[PDB]
Amino acid sequence: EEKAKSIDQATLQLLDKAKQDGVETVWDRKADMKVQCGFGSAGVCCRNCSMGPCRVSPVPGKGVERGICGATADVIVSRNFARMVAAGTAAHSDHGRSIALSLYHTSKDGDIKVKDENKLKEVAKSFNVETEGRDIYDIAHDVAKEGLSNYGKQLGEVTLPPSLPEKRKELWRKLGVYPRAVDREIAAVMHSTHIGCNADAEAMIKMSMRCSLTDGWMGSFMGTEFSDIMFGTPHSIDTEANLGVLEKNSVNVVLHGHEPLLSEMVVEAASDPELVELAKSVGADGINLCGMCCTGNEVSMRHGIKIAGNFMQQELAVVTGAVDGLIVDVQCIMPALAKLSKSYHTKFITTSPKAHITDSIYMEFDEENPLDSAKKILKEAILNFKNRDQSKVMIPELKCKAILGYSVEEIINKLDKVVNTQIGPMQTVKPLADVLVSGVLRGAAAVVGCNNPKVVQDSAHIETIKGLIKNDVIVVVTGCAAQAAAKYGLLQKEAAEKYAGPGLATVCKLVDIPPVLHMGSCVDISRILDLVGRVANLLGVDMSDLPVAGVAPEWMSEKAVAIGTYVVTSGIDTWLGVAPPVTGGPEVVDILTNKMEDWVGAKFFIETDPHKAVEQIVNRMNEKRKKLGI
Amino acid sequence: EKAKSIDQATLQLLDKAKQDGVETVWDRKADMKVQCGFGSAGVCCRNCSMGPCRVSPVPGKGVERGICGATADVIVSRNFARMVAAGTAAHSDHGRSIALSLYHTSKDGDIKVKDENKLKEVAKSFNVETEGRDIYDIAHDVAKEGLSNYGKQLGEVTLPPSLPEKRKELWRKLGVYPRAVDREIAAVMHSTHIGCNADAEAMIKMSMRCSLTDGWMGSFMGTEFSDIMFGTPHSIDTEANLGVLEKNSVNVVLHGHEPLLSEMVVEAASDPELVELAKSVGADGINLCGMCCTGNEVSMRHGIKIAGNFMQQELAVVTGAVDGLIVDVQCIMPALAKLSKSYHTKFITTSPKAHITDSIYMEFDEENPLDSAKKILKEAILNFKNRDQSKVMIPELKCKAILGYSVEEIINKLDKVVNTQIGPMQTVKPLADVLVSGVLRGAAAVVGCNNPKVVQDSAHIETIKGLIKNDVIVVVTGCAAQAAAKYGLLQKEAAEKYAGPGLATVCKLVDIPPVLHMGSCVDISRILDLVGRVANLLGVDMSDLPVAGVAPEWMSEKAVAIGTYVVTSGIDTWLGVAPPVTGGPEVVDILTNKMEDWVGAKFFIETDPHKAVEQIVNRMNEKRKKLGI
Ligand code: SF4
Ligand code: SF4
Ligand code: SF4
Ligand SMILES: [Ca+2]
Ligand SMILES: [Ca+2]
Ligand SMILES: [Ca+2]
Ligand SMILES: [Ca+2]
Ligand SMILES: [Cl-]
Ligand SMILES: [Cl-]
Ligand SMILES: [Cl-]
Ligand SMILES: [Cl-]
Ligand SMILES: [Cl-]
Ligand SMILES: [Cl-]
């Protein structure tokens, strides 16, 4: 009768417990919202000044046509869209900015240090920083200074990655969307969306495209590249996923958020002899560290830390009654966790001055003394195990194995296994390019995205991934979408025979990989751009000429909008499972889902049905294959 | 039905607009009927696709939290902070463009260093050497240091000297000291994103830190660098209101905010070739008029007649005499594109930052600025040939006004009341003297745009008139200054007609009107400078002086950023239009109560201007008693 809440049995079990406990969840608050405002849902409501609030008609020819200022529905909708990109870009901007500042404070006998010297030497080449006969920390600081300039330089040209084809750069230049400093483009969009500024849908949407580029090729890239320098480049690693990872007799410390420095220090803190003994003093087996959302992906990729769950599972993790400490930093942390943690012994600890949540324990993460600060927070979670009500604990016995760490460096290393020593070249993406041109693999898709109560949890993610791998399309995943697959069991070597098509199953067996490749967090989507870029450069074509696609089956965050925008602007078609608020703007719908193709060689596709989406992705990929002659 | 405006010229053309069958901002306001109450109270959130969400502004009843679990106070505080971030961004790009122009100055170039003295003083603030060096070498170094304040990630930002050290340490202690301009905008846009900040007090403090990068930096730099290249304003005469348009002349109206284009269109209007072209088409000459901030910037430095303010822009086209309406960015109603189709007027858009569909687009080349301005102005001149003199109607109503009261000019004027054998010269001591003596009960700043929720110019005039009667010297900027220019308060004659005993006496001695026009809103930085200078001269903080700010009819997000930095700077601010904060009880308490305990000043929302004037006078007397003056 009522639509299912989720496809995961562990999620469905804890949802029943939440009802019996009397607590409210995101699914319950969705029902409370009832019918959602159509004006806001169509994007035709404007609040960019105090002359309104204005609400024009989404159906042209009837109702109120213009806003008080004169803005038409297309103007209102295009500005509303722009601001989402600018907000999404800002979330990834501060993320990478913080990583770069950490790189600037690295020392040989310090809490934060350079782990991957080889990666730093390569990154230093792109930023024009010398490496010959110099201290790795002196290079790291000069690189950090050059990287930080990309955020607010007002003169000169910005440094872009080598994987970005020159054809794509020239296309942006001629279109007028070449990126500038990161914070500069955010201000540019915010200024033009102000009352009495831009009133042209095409120009506004182009401003968002320019802004979104500073996220994917600058904010996220540097965030990913510098994280690999300081914490290590990820490689194929095993781990367990789903809420079944929590242990009843151990202290459970769940890390949620996005910033990787705090989670890297809580991992090291879990290995301090004093803290391991304090856990035993309280009556625990040990310290069971778990992750959720990006911060969890960033730790499972590098240290194989177990994943508790994705975005909409964050409330149900507390409902298990086994989370002693829930340490959060920034982004995608539902404020409900403060009210929910009151009904349990769980301690909700906020650490970033960027994300303060009312009625929550606030323990600021001292970046000057990071390891000491991490130990102080972890100690509080350990001591809280004393207040655990073991009789009311209920951790569903449902976990799944998964393989991740599939960075571009790791994928290239694995592809070397299928290269002949006497013929083929080494450490290049050629094996992947060869399989795509031949036609063994119909194409390569990137399923990324969040969880939305408008879609059954994980339903569209699994249906979409399944359908693509069945049609010989290798799938790469990141963020909550990657976790959704890890929970189902698609991130396993044995998933190739079970779900992959004829060609993909052959490639999986030869290269020895699962049919779905976990490439990391949403910031790690820059690795997908890097991979697709290398394939394009190796074949001497632009990214728009390859049979590639991006999918966001379930998405909410303004970050997903910026991600989609920079993916389409980079030349990769993107399918959206959740419809953005553009319905009321006919010109905006035409631009996003049609005219855009003429500007960047790619377009948006809105499809809520995942079965129809895979049909469209395959047909579109084939169209691009026929044009290229492959 | 309520009156649409108090100005007779405006009411006359509103009748013509009806007869011509054209739409105006007032018509579209009526069409919006009962505007939404969730958006009005600020309890509607669209920061993620899980929404839209709408909680109840009335605690206890209706939906309590959003889908993510965000309470009303969070939703309201995030919505308020985004208004500040947007307002700050608008001024940021304005000043940034000015700093880039300062970096491209040349001895034999279109953009030059007109005020060398000001640049030398500004160089001291940025720690740039000014001894035995080319003025353009100093200008480029000052421009580079100014540009750093927009995106420096390491080190501290440079703030102007007028800012008291007490105020700086107070911001530091509160955690709202300013970082780079664009960096702070990113910080607000980030913390407002789903799953980030969910504390009203923290969010409102983040917005205050962001707003400070607008007043003491972008707006301050924008004003300072503009005075260097285009000249520092001094007392000048001009005429205001739509009566300034001439039926037998080429009427070129400059609307917008950017000053470089306007400055170049003025220089272009003197090109012999363009002067003769105006004669070839059969005109008396080139009648240059301005509107909104851009019109203020040109009227402050060149006395260019002011056609009107924000809600009069459509009515300027309705006269049927505007041959060319050249625009750039900020507050250029998009309605002008459709409205211009009913008349011969050529609506020209010149900025890639503000493209408007169905408008003639002539990009203003910043590499060849004078040649670019000449090419745009030529199109406006040639359009005179397409005028239909039978459908023209310019109200025979204009007003004389005096403006150009920069801090330098106010000080220069105050030196005439200083004995050659006692007080120092070029200081604000005479103004602090009258304020401490009690002759001037205080000093209020009336700034702001125009909103259909309020009768056009009604609150501006009633507030200004009421403050000057109660011996409170009034300083004005933007549409509020233009409103006063049209009424006739920016005249020396207005002191005897509308000012109190003390203020009328001071006006007679200093030889000034009772209301001083200090420029555009980027020129509100002059108000901060002036108040800051008085605070430093008296060895106190800005929150200790009997000063206040008023926004009787605001609407722009810039106005929210202005108000926020004015309160954060220590000056109490009154709002004539209620912002979208009603639905957040904690947010209301923070802005209108706890803020006083954080920065020594708070917000006051009052729609009735007569009540607002009483509240301002009482609050000033309260601060005077605490100081013993
Ligand atoms: S503010 Fe807009 S989106 Fe929100 S409830 Fe009102 S009309 Fe709908
Ligand atoms: S900018 Fe225009 S559409 Fe938006 S609230 Fe203001 S008058 Fe209405
Ligand atoms: S921020 Fe919260 S209340 Fe707003 S749309 Fe998102 S989930 Fe809903
Ligand atoms: Ca890079
Ligand atoms: Ca393995
Ligand atoms: Ca701490
Ligand atoms: Ca100065
Ligand atoms: Cl390669
Ligand atoms: Cl009327
Ligand atoms: Cl019209
Ligand atoms: Cl006409
Ligand atoms: Cl002084
Ligand atoms: Cl009157």
# chains A, B, ... in the order shown; residues from 1 in each chain; ligands from 1
>>> residues_near_ligand(ligand="ligand 6", cutoff="8 Å", atoms="only C-alpha atoms and all ligand atoms", output="list in words")
residues 351, 363, 364, 365, 366, 372, 373, 374, 376 and 377 of chain A
>>> select_by_dssp(residues="stretch 233-339 of chain A", states="strand (DSSP E or B)", output="ChimeraX atom specification")
/A:237-241,251-256,287-292,306-309,323-328
>>> write_last_selection(atoms="N, CA and C atoms", output="mmCIF file, in the first residue's frame")
data_model
loop_
_atom_site.group_PDB
_atom_site.id
_atom_site.type_symbol
_atom_site.label_atom_id
_atom_site.label_comp_id
_atom_site.auth_asym_id
_atom_site.auth_seq_id
_atom_site.Cartn_x
_atom_site.Cartn_y
_atom_site.Cartn_z
ATOM 1 N N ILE A 237 41.660 -2.496 -1.613
ATOM 2 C CA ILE A 237 41.584 -2.875 -0.206
ATOM 3 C C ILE A 237 40.213 -3.468 0.121
ATOM 4 N N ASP A 238 40.176 -4.351 1.119
ATOM 5 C CA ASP A 238 38.897 -5.017 1.470
ATOM 6 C C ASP A 238 38.279 -4.353 2.697
ATOM 7 N N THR A 239 36.957 -4.503 2.829
ATOM 8 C CA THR A 239 36.227 -3.909 3.976
ATOM 9 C C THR A 239 34.802 -4.464 4.043
ATOM 10 N N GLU A 240 34.068 -4.155 5.114
ATOM 11 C CA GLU A 240 32.695 -4.607 5.288
ATOM 12 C C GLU A 240 31.813 -3.359 5.288
ATOM 13 N N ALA A 241 30.597 -3.485 4.759
ATOM 14 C CA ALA A 241 29.653 -2.380 4.643
ATOM 15 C C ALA A 241 28.313 -2.700 5.319
ATOM 16 N N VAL A 251 33.411 -0.692 21.822
ATOM 17 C CA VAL A 251 32.991 0.738 21.741
ATOM 18 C C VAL A 251 32.829 1.111 20.265
ATOM 19 N N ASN A 252 31.643 1.587 19.876
ATOM 20 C CA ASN A 252 31.431 1.988 18.493
ATOM 21 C C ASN A 252 31.566 3.497 18.347
ATOM 22 N N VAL A 253 32.529 3.927 17.524
ATOM 23 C CA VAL A 253 32.789 5.335 17.249
ATOM 24 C C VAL A 253 32.498 5.543 15.770
ATOM 25 N N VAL A 254 31.360 6.173 15.454
ATOM 26 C CA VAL A 254 30.953 6.414 14.070
ATOM 27 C C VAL A 254 31.410 7.801 13.615
ATOM 28 N N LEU A 255 32.185 7.858 12.527
ATOM 29 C CA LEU A 255 32.677 9.119 11.978
ATOM 30 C C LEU A 255 31.789 9.504 10.807
ATOM 31 N N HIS A 256 31.185 10.687 10.861
ATOM 32 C CA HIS A 256 30.302 11.163 9.802
ATOM 33 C C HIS A 256 30.852 12.528 9.390
ATOM 34 N N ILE A 287 38.214 -0.913 20.260
ATOM 35 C CA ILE A 287 37.622 0.281 19.657
ATOM 36 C C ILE A 287 37.210 -0.027 18.223
ATOM 37 N N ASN A 288 35.894 -0.085 17.967
ATOM 38 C CA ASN A 288 35.355 -0.368 16.639
ATOM 39 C C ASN A 288 35.053 0.941 15.905
ATOM 40 N N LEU A 289 35.968 1.326 15.008
ATOM 41 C CA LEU A 289 35.806 2.584 14.232
ATOM 42 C C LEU A 289 34.950 2.312 12.993
ATOM 43 N N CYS A 290 33.967 3.171 12.727
ATOM 44 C CA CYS A 290 33.097 3.037 11.562
ATOM 45 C C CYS A 290 32.968 4.380 10.875
ATOM 46 N N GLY A 291 32.622 4.351 9.594
ATOM 47 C CA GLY A 291 32.464 5.561 8.803
ATOM 48 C C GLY A 291 31.102 5.676 8.159
ATOM 49 N N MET A 292 30.764 6.896 7.748
ATOM 50 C CA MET A 292 29.470 7.126 7.062
ATOM 51 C C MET A 292 29.676 8.237 6.036
ATOM 52 N N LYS A 306 35.702 -0.038 8.223
ATOM 53 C CA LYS A 306 34.378 -0.518 7.841
ATOM 54 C C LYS A 306 33.373 0.637 7.680
ATOM 55 N N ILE A 307 32.433 0.508 6.720
ATOM 56 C CA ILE A 307 31.419 1.529 6.432
ATOM 57 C C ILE A 307 30.101 1.167 7.098
ATOM 58 N N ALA A 308 29.583 2.043 7.956
ATOM 59 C CA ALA A 308 28.319 1.793 8.637
ATOM 60 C C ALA A 308 27.129 1.983 7.700
ATOM 61 N N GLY A 309 27.173 3.006 6.855
ATOM 62 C CA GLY A 309 26.077 3.270 5.932
ATOM 63 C C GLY A 309 26.171 4.612 5.236
ATOM 64 N N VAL A 323 25.864 3.138 19.139
ATOM 65 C CA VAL A 323 26.810 4.205 18.822
ATOM 66 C C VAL A 323 27.110 4.955 20.107
ATOM 67 N N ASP A 324 28.330 4.811 20.628
ATOM 68 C CA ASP A 324 28.730 5.487 21.857
ATOM 69 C C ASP A 324 29.111 6.935 21.552
ATOM 70 N N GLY A 325 29.862 7.128 20.475
ATOM 71 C CA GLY A 325 30.280 8.447 20.023
ATOM 72 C C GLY A 325 30.042 8.635 18.538
ATOM 73 N N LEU A 326 29.377 9.742 18.164
ATOM 74 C CA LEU A 326 29.095 10.082 16.770
ATOM 75 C C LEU A 326 29.798 11.406 16.490
ATOM 76 N N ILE A 327 31.038 11.332 15.994
ATOM 77 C CA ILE A 327 31.841 12.520 15.721
ATOM 78 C C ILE A 327 31.569 13.032 14.314
ATOM 79 N N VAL A 328 31.122 14.288 14.215
ATOM 80 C CA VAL A 328 30.766 14.885 12.896
ATOM 81 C C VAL A 328 31.620 16.128 12.637
#
>>> residues_near_ligand(ligand="ligand 2", cutoff="9 Å", atoms="only C-alpha atoms and all ligand atoms", output="PyMOL selection string")
(chain A and resi 44-56+66-73+75-76+193-196) or (chain B and resi 25+28-29+331+333-334+555-556)
>>> write_last_selection(atoms="N, CA and C atoms", output="mmCIF file, in the first residue's frame")
data_model
loop_
_atom_site.group_PDB
_atom_site.id
_atom_site.type_symbol
_atom_site.label_atom_id
_atom_site.label_comp_id
_atom_site.auth_asym_id
_atom_site.auth_seq_id
_atom_site.Cartn_x
_atom_site.Cartn_y
_atom_site.Cartn_z
ATOM 1 N N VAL A 44 9.913 28.432 -9.934
ATOM 2 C CA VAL A 44 9.328 29.740 -10.264
ATOM 3 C C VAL A 44 9.041 30.651 -9.064
ATOM 4 N N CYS A 45 9.662 30.347 -7.933
ATOM 5 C CA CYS A 45 9.490 31.264 -6.786
ATOM 6 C C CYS A 45 10.806 32.002 -6.543
ATOM 7 N N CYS A 46 10.745 33.331 -6.453
ATOM 8 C CA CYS A 46 11.996 34.141 -6.260
ATOM 9 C C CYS A 46 11.938 34.860 -4.900
ATOM 10 N N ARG A 47 13.058 34.881 -4.158
ATOM 11 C CA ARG A 47 13.200 35.605 -2.863
ATOM 12 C C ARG A 47 14.546 36.341 -2.851
ATOM 13 N N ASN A 48 15.042 36.754 -4.021
ATOM 14 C CA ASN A 48 16.314 37.465 -4.153
ATOM 15 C C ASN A 48 16.269 38.935 -3.709
ATOM 16 N N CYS A 49 15.159 39.324 -3.092
ATOM 17 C CA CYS A 49 15.093 40.689 -2.515
ATOM 18 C C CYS A 49 13.769 40.823 -1.763
ATOM 19 N N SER A 50 13.546 41.964 -1.121
ATOM 20 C CA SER A 50 12.346 42.135 -0.257
ATOM 21 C C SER A 50 11.216 42.846 -1.005
ATOM 22 N N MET A 51 11.234 42.849 -2.336
ATOM 23 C CA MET A 51 10.077 43.435 -3.060
ATOM 24 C C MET A 51 9.011 42.338 -3.114
ATOM 25 N N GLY A 52 9.433 41.070 -3.067
ATOM 26 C CA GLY A 52 8.483 39.940 -3.058
ATOM 27 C C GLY A 52 8.228 39.435 -1.648
ATOM 28 N N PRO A 53 7.965 38.125 -1.428
ATOM 29 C CA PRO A 53 8.422 37.072 -2.340
ATOM 30 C C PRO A 53 7.526 36.933 -3.581
ATOM 31 N N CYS A 54 8.144 36.683 -4.740
ATOM 32 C CA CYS A 54 7.424 36.630 -6.041
ATOM 33 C C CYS A 54 7.225 35.166 -6.453
ATOM 34 N N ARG A 55 6.100 34.860 -7.110
ATOM 35 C CA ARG A 55 5.822 33.514 -7.599
ATOM 36 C C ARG A 55 5.061 33.616 -8.915
ATOM 37 N N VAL A 56 5.764 33.367 -10.030
ATOM 38 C CA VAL A 56 5.178 33.426 -11.366
ATOM 39 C C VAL A 56 4.621 32.042 -11.748
ATOM 40 N N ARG A 66 5.414 37.736 -14.829
ATOM 41 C CA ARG A 66 6.691 38.270 -14.361
ATOM 42 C C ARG A 66 6.704 38.617 -12.867
ATOM 43 N N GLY A 67 7.912 38.707 -12.305
ATOM 44 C CA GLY A 67 8.139 39.081 -10.914
ATOM 45 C C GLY A 67 7.953 40.576 -10.745
ATOM 46 N N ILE A 68 8.002 41.085 -9.511
ATOM 47 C CA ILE A 68 7.784 42.521 -9.272
ATOM 48 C C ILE A 68 8.790 43.399 -10.032
ATOM 49 N N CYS A 69 10.023 42.898 -10.169
ATOM 50 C CA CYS A 69 11.137 43.616 -10.848
ATOM 51 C C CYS A 69 10.974 43.522 -12.370
ATOM 52 N N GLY A 70 10.316 42.462 -12.843
ATOM 53 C CA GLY A 70 10.154 42.176 -14.263
ATOM 54 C C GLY A 70 10.770 40.855 -14.683
ATOM 55 N N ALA A 71 11.394 40.135 -13.742
ATOM 56 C CA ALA A 71 12.024 38.861 -14.045
ATOM 57 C C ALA A 71 10.993 37.859 -14.551
ATOM 58 N N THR A 72 11.279 37.200 -15.675
ATOM 59 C CA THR A 72 10.382 36.194 -16.246
ATOM 60 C C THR A 72 10.645 34.849 -15.550
ATOM 61 N N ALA A 73 9.805 33.828 -15.799
ATOM 62 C CA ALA A 73 10.004 32.507 -15.187
ATOM 63 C C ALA A 73 11.379 31.935 -15.532
ATOM 64 N N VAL A 75 14.124 33.591 -16.174
ATOM 65 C CA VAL A 75 15.143 34.315 -15.419
ATOM 66 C C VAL A 75 15.145 33.777 -13.987
ATOM 67 N N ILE A 76 13.963 33.730 -13.346
ATOM 68 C CA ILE A 76 13.834 33.249 -11.968
ATOM 69 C C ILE A 76 14.436 31.844 -11.809
ATOM 70 N N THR A 193 23.184 36.979 -9.715
ATOM 71 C CA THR A 193 21.854 36.508 -9.320
ATOM 72 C C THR A 193 21.130 37.589 -8.487
ATOM 73 N N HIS A 194 21.857 38.613 -7.985
ATOM 74 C CA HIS A 194 21.272 39.711 -7.209
ATOM 75 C C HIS A 194 20.213 40.424 -8.042
ATOM 76 N N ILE A 195 19.265 41.080 -7.371
ATOM 77 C CA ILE A 195 18.160 41.787 -8.081
ATOM 78 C C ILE A 195 18.731 42.792 -9.083
ATOM 79 N N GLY A 196 18.093 42.918 -10.243
ATOM 80 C CA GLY A 196 18.493 43.883 -11.249
ATOM 81 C C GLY A 196 19.838 43.648 -11.894
ATOM 82 N N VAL B 25 6.318 48.765 -11.981
ATOM 83 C CA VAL B 25 6.617 48.000 -10.770
ATOM 84 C C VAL B 25 5.399 47.968 -9.820
ATOM 85 N N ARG B 28 2.853 45.324 -11.227
ATOM 86 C CA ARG B 28 3.314 43.969 -10.946
ATOM 87 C C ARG B 28 3.235 43.644 -9.457
ATOM 88 N N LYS B 29 3.364 44.650 -8.572
ATOM 89 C CA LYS B 29 3.244 44.412 -7.132
ATOM 90 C C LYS B 29 1.799 44.016 -6.828
ATOM 91 N N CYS B 331 20.260 46.378 -9.920
ATOM 92 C CA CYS B 331 19.003 47.178 -9.881
ATOM 93 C C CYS B 331 18.618 47.775 -11.237
ATOM 94 N N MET B 333 15.869 47.044 -13.492
ATOM 95 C CA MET B 333 14.680 46.203 -13.645
ATOM 96 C C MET B 333 14.639 45.536 -15.025
ATOM 97 N N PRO B 334 14.522 44.189 -15.127
ATOM 98 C CA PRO B 334 14.459 43.573 -16.463
ATOM 99 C C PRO B 334 13.261 44.059 -17.280
ATOM 100 N N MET B 555 15.231 47.093 -0.172
ATOM 101 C CA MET B 555 14.714 45.901 -0.892
ATOM 102 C C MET B 555 15.897 45.039 -1.343
ATOM 103 N N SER B 556 17.012 45.667 -1.734
ATOM 104 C CA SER B 556 18.176 44.894 -2.247
ATOM 105 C C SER B 556 18.862 44.032 -1.189
#
>>> residues_near_ligand(ligand="ligand 7", cutoff="9 Å", atoms="only C-alpha atoms and all ligand atoms", output="ChimeraX atom specification")
/B:118-119,121-125,160-162,220-221,224,529
>>> interface_residues(of="chain B", to="chain A", cutoff="6 Å", atoms="only C-alpha atoms", output="number ranges by chain")
B: 25, 28-29, 35, 39, 48-50, 52, 67-70, 86, 89-90, 151, 182-183, 186, 189-191, 194-199, 329-335, 353-357, 451, 555-557
>>> closest_residue(among="B:213, B:491, B:8, B:148", to="ligand 13", atoms="only C-alpha atoms and all ligand atoms")
B:8
